[PDB]
Amino acid sequence: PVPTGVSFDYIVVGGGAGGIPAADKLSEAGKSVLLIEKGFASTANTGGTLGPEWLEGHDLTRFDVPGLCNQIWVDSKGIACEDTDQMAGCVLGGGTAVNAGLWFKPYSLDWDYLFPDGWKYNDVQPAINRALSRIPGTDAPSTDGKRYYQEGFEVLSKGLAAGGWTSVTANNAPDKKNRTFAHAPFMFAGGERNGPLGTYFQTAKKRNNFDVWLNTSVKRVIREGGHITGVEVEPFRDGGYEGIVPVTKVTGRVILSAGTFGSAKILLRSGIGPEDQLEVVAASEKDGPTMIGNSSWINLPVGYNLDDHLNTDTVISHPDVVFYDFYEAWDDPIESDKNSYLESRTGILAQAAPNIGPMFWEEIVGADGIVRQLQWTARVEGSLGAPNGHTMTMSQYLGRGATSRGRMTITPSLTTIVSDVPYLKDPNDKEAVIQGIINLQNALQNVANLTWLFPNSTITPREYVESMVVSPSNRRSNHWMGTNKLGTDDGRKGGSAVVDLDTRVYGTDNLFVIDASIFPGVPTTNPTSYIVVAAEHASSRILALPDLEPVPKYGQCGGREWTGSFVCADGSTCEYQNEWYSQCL
Ligand SMILES: Cc1cc2nc3c(=O)[nH]c(=O)nc-3n(C[C@H](O)[C@H](O)[C@H](O)COP(=O)(O)OP(=O)(O)OC[C@H]3O[C@@H](n4cnc5c(N)ncnc54)[C@H](O)[C@@H]3O)c2cc1C
Ligand SMILES: *[C@@H]1O[C@H](CO)[C@@H](O[C@@H]2O[C@H](CO)[C@@H](O)[C@H](O)[C@H]2NC(C)=O)[C@H](O)[C@H]1NC(C)=O
Ligand SMILES: *[C@@H]1O[C@H](CO)[C@@H](O[C@@H]2O[C@H](CO)[C@@H](O)[C@H](O)[C@H]2NC(C)=O)[C@H](O)[C@H]1NC(C)=O
Ligand SMILES: *[C@@H]1O[C@H](CO)[C@@H](O)[C@H](O)[C@H]1NC(C)=O
């Protein structure tokens with residue numbers, strides 16, 4: 001049901017980590033902004049009604065309560081995305097609606113190392129200060145200020161300190177990421193999930209110039225040559241819109257926030273991507289008939305540069321470790337905790353599941369003289385089939401500096417798949433992983449009664465690693481990034497960049513990408529704060545661009561190398577001549 005009479009200055013596709021802050025910042029500037037979201041209302045502050053029965057009538061949903069964080073693992077359906085082969089949030093708030101909520105003041109090195117000039121640390125520091133003003137951490141999300149079931153934590157944190165590692169409050173010392181441990185920071189506020197759903201979205205829905213369309217999927221963008229006139233929508237659930245939504249004439253811009261796999265899909269379907277992938281959509285049953293003609297295709301490396309943290313699990317067990325079963329907190333919650341979540345917002349349930357114990361980091365100089373960044377996350381839970389009771393799992397992330405990369409491609413079904421596994425292609429990446437375990441072991445060699453299950457004392461760290469299967473299934477961190485890479489090297493000429501420094505899509509005048517897909521690689525940390533920061537930074541850059549000026553007739557409106565305006569002044573049209581030229585006539 002698309003209304004025959006309306007248009008927007010900005011259309012933002014997808015309501016995730018990138019999209020919600022983008023839509024907020026653009027509407028704050030008084031532009032007409034429409035947020036189009038696949039999924040439904042999630043958290044209570046967005047009008048989400050969904051959740052377990054012990055939550056009735058107290059104005060909370062399954063997405064408000066950090067202790068219910070891990071339900072997505074046993075019950076995801078109608079929530080997780082069905083058009084990808086990996087795990088992603090398809091409700092409002094995207095990933096930030098379903099994840100553990102870990103939230104980090106970024107590490108200045110990450111921006112200096114991963115991004116070209118204009119995105120380095122001195123460039124994005126204002127966006128960092130904005131994002132973290134709206135969402136300061138807490139490493140003690142329970143509103144009374146003290147942390148619960150910390151016995152596991154204290155075992156490890158005293159273990160590490162003894163091993164020569166330094167305690168920090170992570171977000172007070174964002175830049176100290178070598179040989180460091182901290183209480184885990186979260187985006188929570190008032191003991192409720194909070195995040196961008198809690199902050200950016202709330203200021204935006206107070207605005208007249210802001211609109212949200214839920215239960216609505218964007219199929220592709222509607223473009224004449226290099227200029228995007230609108231987006232085409234089919235309902236994902238009844239009550240969603242069918243149609244084609246226009247953007248303000250000439251001026252209008254579209255922002256793709258649909259995610260690392262989401263935005264990539266929309267691009268391919270819009271005739272933007274690699275020749276082979278574009279060819280798959282052309283032969284597709286769903287879009288084949290109505291897809292844009294191949295003369296208007298743009299070749300860019302959409303789907304390449306697929307990146308993720310390489311995850312390696314490890315397990316220990318110790319006597320004073322205390323397990324808590326968060327899965328059992330969905331159905332039959334321990335009643336004092338339920339009582340003491342529902343009234344002052346405290347107790348174990350105001351912490352994310354499972355209990356997420358010490359965060360610790362170190363940086364390893366490799367034989368190639370590349371610095372590789374590690375992050376460990378400890379939790380109280382078994383992992384590798386080790387039992388749940390006294391165990392703690394310590395998961396090692398291989399982050400910034402790792403050189404390997406995979407690929408995302410599309411099926412005839414128009415669902416996305418990871419067809420090149422990104423992990424451990426460079427052996428020096430493996431070397432850092434192994435050395436990190438060795439290092440972890442000697443800091444914990446002095447702890448009384450600590451038992452090493454994974455690896456057990458009968459296997460060497462090296463053997464332990466080489467035996468493992470390298471696949472998303474066992475090794476994914478769910479931190480997928482990079483399919484639409486930001487960079488100065490235009491993809492149409494063979495470069496690696498899908499979008500430019502303004503996040504503008506090469507080959508287009510008005511189309512932009514803000515989400516995890518633009519990152520040249522993964523950062524030190526869980527990315528959500530990074531993606532929010534990037535939303536802050538990109539929206540201000542985009543808002544500093546002057547209004548698009550149309551092309552006078554007889555002028556150039558397009559071509560394979562064209563960087564300029566693709567739209568024609570009133571009284572002439574843009575028509576193709578050859579792949580290097582298009583004129584107004
Ligand atoms: C379960 C899990 C655990 C994780 N743990 C953490 C954590 O504790 N901390 C951390 O920093 N991050 C965590 N992450 C990483 C994180 O969730 C993502 O990195 C981040 O949310 C990605 O932001 P995004 O904007 O690129 O994607 P998304 O948040 O996934 O945004 C996608 C949004 O667009 C919508 N959408 C998709 N396609 C369309 C379409 N065609 N039309 C309209 N709308 C569409 C989706 O419904 C969704 O709302 C984890 C995520 C997973 C899933
Ligand atoms: C989007 O779809 C959802 C799910 O079907 C709709 O949410 C339901 O709304 C009814 C009444 O409006 C409630 O009784 C249900 O509890 C809701 N279900 C869920 C899962 O939230 C929602 O109304 C739809 N939104 C639009 C704009 O059409
Ligand atoms: C992180 O800190 C550790 C120790 O603080 C550094 O370890 C040193 O590594 C070099 C070789 O890379 C050795 O020659 C030194 O003797 C080590 N010192 C200690 C105390 O172990 C490590 O190099 C640091 N990493 C970075 C990237 O700064
Ligand atoms: C482009 O489209 C034309 C007509 O639809 C077709 O004949 C031609 O083979 C196509 N070329 C490619 C490379 O897809």
# chains A, B, ... in the order shown; residues from 1 in each chain; ligands from 1
call {"tool": "select_by_dssp", "arguments": {"residues": "segment 282-511 of chain A", "states": "strand (DSSP E)", "output": "count of residues only"}}
result
51
call {"tool": "residues_near_ligand", "arguments": {"ligand": "ligand 4", "cutoff": "7 Å", "atoms": "only C-alpha atoms and all ligand atoms", "output": "ChimeraX atom specification"}}
result
/A:279,293-295
call {"tool": "residues_around", "arguments": {"residues": "segment 359-374 of chain A", "least_positions_apart": "3", "cutoff": "6 Å", "atoms": "only C-alpha atoms", "output": "VMD selection string"}}
result
chain A and resid 177 to 182 184 377 397 to 402
call {"tool": "select_by_dssp", "arguments": {"residues": "segment 495-566 of chain A", "states": "helix (DSSP H, G or I)", "output": "PyMOL selection string"}}
result
chain A and resi 516-518+528-544
call {"tool": "write_last_selection", "arguments": {"atoms": "C-alpha atoms", "output": "PDB file, in the first residue's frame"}}
result
ATOM      1  CA  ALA A 516      29.226  -3.168   8.946  1.00  0.00           C
ATOM      2  CA  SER A 517      29.658  -3.924   5.252  1.00  0.00           C
ATOM      3  CA  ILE A 518      31.875  -0.911   4.580  1.00  0.00           C
ATOM      4  CA  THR A 528      28.541  -2.584  17.383  1.00  0.00           C
ATOM      5  CA  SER A 529      30.057   0.606  18.895  1.00  0.00           C
ATOM      6  CA  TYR A 530      32.350   0.872  15.854  1.00  0.00           C
ATOM      7  CA  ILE A 531      29.383   0.656  13.492  1.00  0.00           C
ATOM      8  CA  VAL A 532      27.470   3.289  15.485  1.00  0.00           C
ATOM      9  CA  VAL A 533      30.541   5.514  15.379  1.00  0.00           C
ATOM     10  CA  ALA A 534      30.750   4.983  11.624  1.00  0.00           C
ATOM     11  CA  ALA A 535      27.105   5.948  11.351  1.00  0.00           C
ATOM     12  CA  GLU A 536      27.839   9.164  13.246  1.00  0.00           C
ATOM     13  CA  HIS A 537      30.834   9.956  11.095  1.00  0.00           C
ATOM     14  CA  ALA A 538      29.272   9.070   7.717  1.00  0.00           C
ATOM     15  CA  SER A 539      25.986  10.926   8.351  1.00  0.00           C
ATOM     16  CA  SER A 540      27.873  14.155   9.122  1.00  0.00           C
ATOM     17  CA  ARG A 541      29.984  13.737   5.986  1.00  0.00           C
ATOM     18  CA  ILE A 542      26.889  13.089   3.887  1.00  0.00           C
ATOM     19  CA  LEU A 543      25.159  16.126   5.439  1.00  0.00           C
ATOM     20  CA  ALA A 544      28.146  18.275   4.482  1.00  0.00           C
TER      21      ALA A 544
END
call {"tool": "residues_around", "arguments": {"residues": "segment 152-163 of chain A", "least_positions_apart": "6", "cutoff": "6 Å", "atoms": "only C-alpha atoms", "output": "tab-separated table (two decimals) with N, CA and C atoms, in the first residue's frame"}}
result
chain	number	residue	atom	x	y	z
A	321	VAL	N	34.17	-21.76	40.67
A	321	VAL	CA	33.37	-21.26	39.56
A	321	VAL	C	31.90	-21.56	39.84
A	357	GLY	N	32.45	-13.00	31.81
A	357	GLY	CA	33.44	-12.77	32.85
A	357	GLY	C	34.50	-11.92	32.24
A	358	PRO	N	35.76	-12.09	32.66
A	358	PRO	CA	36.81	-11.14	32.24
A	358	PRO	C	36.94	-10.98	30.69
A	443	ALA	N	50.01	-17.53	32.07
A	443	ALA	CA	49.53	-16.61	33.08
A	443	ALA	C	48.65	-17.36	34.07
A	444	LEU	N	48.04	-18.44	33.60
A	444	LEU	CA	47.16	-19.26	34.44
A	444	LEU	C	47.85	-20.48	35.04
A	447	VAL	N	47.46	-20.90	39.30
A	447	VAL	CA	46.14	-20.80	39.91
A	447	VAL	C	45.96	-22.13	40.62
call {"tool": "closest_residue", "arguments": {"among": "A:257, A:61, A:305, A:344", "to": "residue 144 of chain A", "atoms": "only C-alpha atoms"}}
result
A:344
call {"tool": "residues_near_ligand", "arguments": {"ligand": "ligand 1", "cutoff": "6 Å", "atoms": "only C-alpha atoms and all ligand atoms", "output": "PDB file with N, CA, C and O atoms, in the first residue's frame"}}
result
ATOM      1  N   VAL A  13      17.473   2.242   4.561  1.00  0.00           N
ATOM      2  CA  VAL A  13      17.026   0.848   4.518  1.00  0.00           C
ATOM      3  C   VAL A  13      17.671   0.002   5.607  1.00  0.00           C
ATOM      4  O   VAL A  13      18.875  -0.185   5.626  1.00  0.00           O
ATOM      5  N   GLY A  14      16.855  -0.511   6.512  1.00  0.00           N
ATOM      6  CA  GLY A  14      17.321  -1.317   7.630  1.00  0.00           C
ATOM      7  C   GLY A  14      17.577  -0.539   8.921  1.00  0.00           C
ATOM      8  O   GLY A  14      18.201   0.532   8.956  1.00  0.00           O
ATOM      9  N   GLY A  15      17.147  -1.159  10.007  1.00  0.00           N
ATOM     10  CA  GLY A  15      17.088  -0.552  11.316  1.00  0.00           C
ATOM     11  C   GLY A  15      18.130  -1.028  12.301  1.00  0.00           C
ATOM     12  O   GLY A  15      17.805  -1.169  13.470  1.00  0.00           O
ATOM     13  N   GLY A  16      19.306  -1.428  11.832  1.00  0.00           N
ATOM     14  CA  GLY A  16      20.300  -2.029  12.709  1.00  0.00           C
ATOM     15  C   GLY A  16      21.266  -1.080  13.410  1.00  0.00           C
ATOM     16  O   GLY A  16      20.929   0.065  13.741  1.00  0.00           O
ATOM     17  N   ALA A  17      22.472  -1.589  13.653  1.00  0.00           N
ATOM     18  CA  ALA A  17      23.553  -0.834  14.260  1.00  0.00           C
ATOM     19  C   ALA A  17      23.911   0.427  13.475  1.00  0.00           C
ATOM     20  O   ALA A  17      24.172   1.472  14.053  1.00  0.00           O
ATOM     21  N   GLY A  18      23.974   0.311  12.156  1.00  0.00           N
ATOM     22  CA  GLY A  18      24.247   1.465  11.315  1.00  0.00           C
ATOM     23  C   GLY A  18      23.037   2.326  11.022  1.00  0.00           C
ATOM     24  O   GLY A  18      23.108   3.549  11.094  1.00  0.00           O
ATOM     25  N   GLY A  19      21.912   1.684  10.709  1.00  0.00           N
ATOM     26  CA  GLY A  19      20.731   2.402  10.252  1.00  0.00           C
ATOM     27  C   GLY A  19      19.999   3.298  11.241  1.00  0.00           C
ATOM     28  O   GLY A  19      19.640   4.429  10.905  1.00  0.00           O
ATOM     29  N   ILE A  36      12.966   2.247   6.543  1.00  0.00           N
ATOM     30  CA  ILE A  36      12.244   1.067   6.107  1.00  0.00           C
ATOM     31  C   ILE A  36      12.858  -0.191   6.713  1.00  0.00           C
ATOM     32  O   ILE A  36      14.017  -0.512   6.435  1.00  0.00           O
ATOM     33  N   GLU A  37      12.069  -0.894   7.531  1.00  0.00           N
ATOM     34  CA  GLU A  37      12.528  -2.086   8.255  1.00  0.00           C
ATOM     35  C   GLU A  37      11.742  -3.375   7.952  1.00  0.00           C
ATOM     36  O   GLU A  37      10.511  -3.431   8.032  1.00  0.00           O
ATOM     37  N   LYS A  38      12.504  -4.405   7.607  1.00  0.00           N
ATOM     38  CA  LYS A  38      12.038  -5.758   7.366  1.00  0.00           C
ATOM     39  C   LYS A  38      11.175  -6.329   8.495  1.00  0.00           C
ATOM     40  O   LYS A  38      10.118  -6.920   8.242  1.00  0.00           O
ATOM     41  N   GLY A  39      11.647  -6.168   9.733  1.00  0.00           N
ATOM     42  CA  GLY A  39      11.054  -6.805  10.901  1.00  0.00           C
ATOM     43  C   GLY A  39      10.109  -5.939  11.712  1.00  0.00           C
ATOM     44  O   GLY A  39       9.724  -4.851  11.279  1.00  0.00           O
ATOM     45  N   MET A  87      23.954 -16.176  11.112  1.00  0.00           N
ATOM     46  CA  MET A  87      23.000 -15.660  12.097  1.00  0.00           C
ATOM     47  C   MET A  87      22.937 -14.116  12.035  1.00  0.00           C
ATOM     48  O   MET A  87      23.962 -13.452  12.063  1.00  0.00           O
ATOM     49  N   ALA A  88      21.729 -13.566  11.888  1.00  0.00           N
ATOM     50  CA  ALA A  88      21.501 -12.117  11.884  1.00  0.00           C
ATOM     51  C   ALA A  88      20.114 -11.757  12.409  1.00  0.00           C
ATOM     52  O   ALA A  88      19.147 -12.474  12.150  1.00  0.00           O
ATOM     53  N   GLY A  89      20.013 -10.657  13.151  1.00  0.00           N
ATOM     54  CA  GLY A  89      18.717 -10.123  13.538  1.00  0.00           C
ATOM     55  C   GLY A  89      17.899  -9.467  12.437  1.00  0.00           C
ATOM     56  O   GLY A  89      18.322  -8.469  11.866  1.00  0.00           O
ATOM     57  N   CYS A  90      16.721 -10.028  12.166  1.00  0.00           N
ATOM     58  CA  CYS A  90      15.697  -9.426  11.310  1.00  0.00           C
ATOM     59  C   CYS A  90      14.536  -8.716  12.016  1.00  0.00           C
ATOM     60  O   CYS A  90      13.547  -8.393  11.379  1.00  0.00           O
ATOM     61  N   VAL A  91      14.614  -8.496  13.317  1.00  0.00           N
ATOM     62  CA  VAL A  91      13.682  -7.543  13.930  1.00  0.00           C
ATOM     63  C   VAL A  91      14.280  -6.131  14.009  1.00  0.00           C
ATOM     64  O   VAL A  91      15.437  -5.924  13.662  1.00  0.00           O
ATOM     65  N   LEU A  92      13.489  -5.177  14.499  1.00  0.00           N
ATOM     66  CA  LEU A  92      13.904  -3.779  14.567  1.00  0.00           C
ATOM     67  C   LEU A  92      15.031  -3.581  15.567  1.00  0.00           C
ATOM     68  O   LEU A  92      14.933  -4.008  16.720  1.00  0.00           O
ATOM     69  N   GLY A  93      16.092  -2.915  15.132  1.00  0.00           N
ATOM     70  CA  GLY A  93      17.269  -2.764  15.963  1.00  0.00           C
ATOM     71  C   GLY A  93      18.344  -3.707  15.466  1.00  0.00           C
ATOM     72  O   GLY A  93      19.498  -3.650  15.904  1.00  0.00           O
ATOM     73  N   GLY A  94      17.938  -4.584  14.548  1.00  0.00           N
ATOM     74  CA  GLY A  94      18.810  -5.579  13.955  1.00  0.00           C
ATOM     75  C   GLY A  94      19.610  -6.375  14.957  1.00  0.00           C
ATOM     76  O   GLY A  94      19.081  -6.857  15.974  1.00  0.00           O
ATOM     77  N   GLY A  95      20.900  -6.506  14.666  1.00  0.00           N
ATOM     78  CA  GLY A  95      21.818  -7.159  15.574  1.00  0.00           C
ATOM     79  C   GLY A  95      21.795  -6.602  16.990  1.00  0.00           C
ATOM     80  O   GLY A  95      21.943  -7.345  17.947  1.00  0.00           O
ATOM     81  N   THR A  96      21.598  -5.295  17.133  1.00  0.00           N
ATOM     82  CA  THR A  96      21.645  -4.687  18.453  1.00  0.00           C
ATOM     83  C   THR A  96      20.409  -5.062  19.261  1.00  0.00           C
ATOM     84  O   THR A  96      20.366  -4.836  20.469  1.00  0.00           O
ATOM     85  N   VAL A  98      19.183  -8.392  19.149  1.00  0.00           N
ATOM     86  CA  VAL A  98      19.504  -9.746  19.602  1.00  0.00           C
ATOM     87  C   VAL A  98      20.890 -10.097  20.173  1.00  0.00           C
ATOM     88  O   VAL A  98      21.067 -11.231  20.630  1.00  0.00           O
ATOM     89  N   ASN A  99      21.862  -9.185  20.187  1.00  0.00           N
ATOM     90  CA  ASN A  99      23.210  -9.610  20.611  1.00  0.00           C
ATOM     91  C   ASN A  99      23.419  -9.474  22.119  1.00  0.00           C
ATOM     92  O   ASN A  99      22.496  -9.090  22.835  1.00  0.00           O
ATOM     93  N   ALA A 100      24.633  -9.776  22.584  1.00  0.00           N
ATOM     94  CA  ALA A 100      24.942  -9.768  24.020  1.00  0.00           C
ATOM     95  C   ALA A 100      25.089  -8.360  24.607  1.00  0.00           C
ATOM     96  O   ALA A 100      25.147  -8.188  25.826  1.00  0.00           O
ATOM     97  N   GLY A 101      25.155  -7.356  23.739  1.00  0.00           N
ATOM     98  CA  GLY A 101      25.184  -5.982  24.193  1.00  0.00           C
ATOM     99  C   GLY A 101      26.542  -5.395  24.536  1.00  0.00           C
ATOM    100  O   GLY A 101      26.614  -4.237  24.955  1.00  0.00           O
ATOM    101  N   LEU A 102      27.610  -6.175  24.364  1.00  0.00           N
ATOM    102  CA  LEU A 102      28.973  -5.688  24.574  1.00  0.00           C
ATOM    103  C   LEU A 102      29.191  -4.392  23.798  1.00  0.00           C
ATOM    104  O   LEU A 102      28.770  -4.283  22.636  1.00  0.00           O
ATOM    105  N   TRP A 103      29.786  -3.401  24.467  1.00  0.00           N
ATOM    106  CA  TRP A 103      29.892  -2.040  23.937  1.00  0.00           C
ATOM    107  C   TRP A 103      31.222  -1.384  24.303  1.00  0.00           C
ATOM    108  O   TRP A 103      31.561  -1.292  25.480  1.00  0.00           O
ATOM    109  N   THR A 216       8.516  -4.451   6.403  1.00  0.00           N
ATOM    110  CA  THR A 216       8.694  -4.125   4.984  1.00  0.00           C
ATOM    111  C   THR A 216      10.105  -4.392   4.476  1.00  0.00           C
ATOM    112  O   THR A 216      11.074  -3.844   4.981  1.00  0.00           O
ATOM    113  N   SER A 217      10.203  -5.233   3.459  1.00  0.00           N
ATOM    114  CA  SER A 217      11.481  -5.582   2.875  1.00  0.00           C
ATOM    115  C   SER A 217      11.728  -4.719   1.640  1.00  0.00           C
ATOM    116  O   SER A 217      10.806  -4.464   0.876  1.00  0.00           O
ATOM    117  N   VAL A 218      12.963  -4.249   1.460  1.00  0.00           N
ATOM    118  CA  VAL A 218      13.352  -3.555   0.230  1.00  0.00           C
ATOM    119  C   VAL A 218      13.951  -4.578  -0.749  1.00  0.00           C
ATOM    120  O   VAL A 218      14.911  -5.274  -0.413  1.00  0.00           O
ATOM    121  N   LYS A 219      13.346  -4.702  -1.934  1.00  0.00           N
ATOM    122  CA  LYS A 219      13.774  -5.681  -2.933  1.00  0.00           C
ATOM    123  C   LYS A 219      15.048  -5.170  -3.606  1.00  0.00           C
ATOM    124  O   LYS A 219      16.032  -5.886  -3.735  1.00  0.00           O
ATOM    125  N   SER A 257      21.463   0.562   4.852  1.00  0.00           N
ATOM    126  CA  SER A 257      21.859   0.048   6.157  1.00  0.00           C
ATOM    127  C   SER A 257      21.504  -1.427   6.450  1.00  0.00           C
ATOM    128  O   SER A 257      21.444  -1.817   7.615  1.00  0.00           O
ATOM    129  N   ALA A 258      21.123  -2.196   5.435  1.00  0.00           N
ATOM    130  CA  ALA A 258      20.597  -3.563   5.634  1.00  0.00           C
ATOM    131  C   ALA A 258      21.571  -4.614   6.189  1.00  0.00           C
ATOM    132  O   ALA A 258      21.171  -5.754   6.413  1.00  0.00           O
ATOM    133  N   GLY A 259      22.842  -4.271   6.359  1.00  0.00           N
ATOM    134  CA  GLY A 259      23.797  -5.222   6.898  1.00  0.00           C
ATOM    135  C   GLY A 259      24.832  -5.756   5.922  1.00  0.00           C
ATOM    136  O   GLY A 259      24.722  -5.550   4.709  1.00  0.00           O
ATOM    137  N   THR A 260      25.852  -6.426   6.461  1.00  0.00           N
ATOM    138  CA  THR A 260      26.924  -6.985   5.655  1.00  0.00           C
ATOM    139  C   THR A 260      26.390  -7.900   4.545  1.00  0.00           C
ATOM    140  O   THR A 260      26.848  -7.826   3.415  1.00  0.00           O
ATOM    141  N   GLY A 262      22.835  -8.086   4.036  1.00  0.00           N
ATOM    142  CA  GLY A 262      21.647  -7.397   3.572  1.00  0.00           C
ATOM    143  C   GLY A 262      21.860  -6.367   2.468  1.00  0.00           C
ATOM    144  O   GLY A 262      21.134  -6.366   1.461  1.00  0.00           O
ATOM    145  N   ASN A 478      30.288 -14.089  14.403  1.00  0.00           N
ATOM    146  CA  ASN A 478      29.082 -13.322  14.037  1.00  0.00           C
ATOM    147  C   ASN A 478      29.330 -11.830  13.884  1.00  0.00           C
ATOM    148  O   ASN A 478      28.418 -11.023  13.973  1.00  0.00           O
ATOM    149  N   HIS A 479      30.588 -11.487  13.663  1.00  0.00           N
ATOM    150  CA  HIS A 479      31.063 -10.122  13.462  1.00  0.00           C
ATOM    151  C   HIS A 479      31.308  -9.726  11.974  1.00  0.00           C
ATOM    152  O   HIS A 479      32.217  -8.955  11.677  1.00  0.00           O
ATOM    153  N   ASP A 515      26.675   0.633   7.316  1.00  0.00           N
ATOM    154  CA  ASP A 515      26.555  -0.550   8.198  1.00  0.00           C
ATOM    155  C   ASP A 515      27.896  -1.259   8.216  1.00  0.00           C
ATOM    156  O   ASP A 515      28.871  -0.749   7.656  1.00  0.00           O
ATOM    157  N   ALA A 516      27.953  -2.440   8.826  1.00  0.00           N
ATOM    158  CA  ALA A 516      29.226  -3.168   8.946  1.00  0.00           C
ATOM    159  C   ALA A 516      29.890  -3.525   7.610  1.00  0.00           C
ATOM    160  O   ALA A 516      31.084  -3.864   7.565  1.00  0.00           O
ATOM    161  N   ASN A 526      34.197  -6.334  19.801  1.00  0.00           N
ATOM    162  CA  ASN A 526      32.846  -6.477  19.253  1.00  0.00           C
ATOM    163  C   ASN A 526      32.419  -5.168  18.562  1.00  0.00           C
ATOM    164  O   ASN A 526      32.403  -4.106  19.175  1.00  0.00           O
ATOM    165  N   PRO A 527      32.038  -5.251  17.287  1.00  0.00           N
ATOM    166  CA  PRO A 527      31.919  -4.093  16.386  1.00  0.00           C
ATOM    167  C   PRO A 527      30.759  -3.100  16.613  1.00  0.00           C
ATOM    168  O   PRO A 527      30.817  -2.010  16.013  1.00  0.00           O
ATOM    169  N   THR A 528      29.737  -3.431  17.403  1.00  0.00           N
ATOM    170  CA  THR A 528      28.541  -2.584  17.383  1.00  0.00           C
ATOM    171  C   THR A 528      28.848  -1.095  17.637  1.00  0.00           C
ATOM    172  O   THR A 528      28.379  -0.234  16.885  1.00  0.00           O
ATOM    173  N   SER A 529      29.673  -0.790  18.635  1.00  0.00           N
ATOM    174  CA  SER A 529      30.057   0.606  18.895  1.00  0.00           C
ATOM    175  C   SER A 529      30.809   1.215  17.694  1.00  0.00           C
ATOM    176  O   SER A 529      30.587   2.375  17.327  1.00  0.00           O
TER     177      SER A 529
END
